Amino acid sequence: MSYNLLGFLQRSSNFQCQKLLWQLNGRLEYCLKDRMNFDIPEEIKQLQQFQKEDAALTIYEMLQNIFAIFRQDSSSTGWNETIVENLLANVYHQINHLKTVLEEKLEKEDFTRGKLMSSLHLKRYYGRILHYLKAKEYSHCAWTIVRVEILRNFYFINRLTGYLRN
């Protein structure tokens, strides 16, 4: 599969993922009190030079984590859990999809000195989100704040998707 097909398949699932996220809530002003900056790594937003493999490996890791975030207990939200499952199934498919394509591309390359952009700061960034969730005892507001941050993640993954050009 060319990078172009993967990139389109990504833009396409992101959009689907974002759509599902937008079918869970009804704005909560009260929750603005739990507002917290998680500081997505600066390179995810501003780095201008991404090689096809790096952007790909980066989105791969972001997805893996978004999956893990949403795998937590959202019961306190009252969200339609069906939609949550769709969101999860969708991301899971993108992850395994990306995995197979990277496996093919990377097979014969000089290592890849992989996630130079990814690993490092993404792991810590997501740790904050998780720690935040646990600290707030998975409250409905905590989920409202995270959901907004997750949507924000998707906004940047779309930016990253444009470096997947053939």
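Position 1 is the first residue in the sequence shown; the rest follow in order.
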Look up the CA B-factors in the entry and say which stretch, 65-73 or 45-53, has the higher mean.
45-53
Test of understanding: from the entry's C-alpha B-factors, which stretch has the higher mean, 34-42 or 114-122?
114-122
Where the record places residue 142 (Cα B-factor, split into thirds across the chain):
middle
Relative C-alpha B-factor of residue 97, binned into the chain's lowest, middle or highest third
middle
Using the B-factors in the PDB entry, rank residue 27's C-alpha atom against the chain and give the third, lowest, middle or highest.
highest
Can you work out whether the C-alpha temperature factor of residue 131 puts it in the lowest, middle or highest third of the chain?
middle
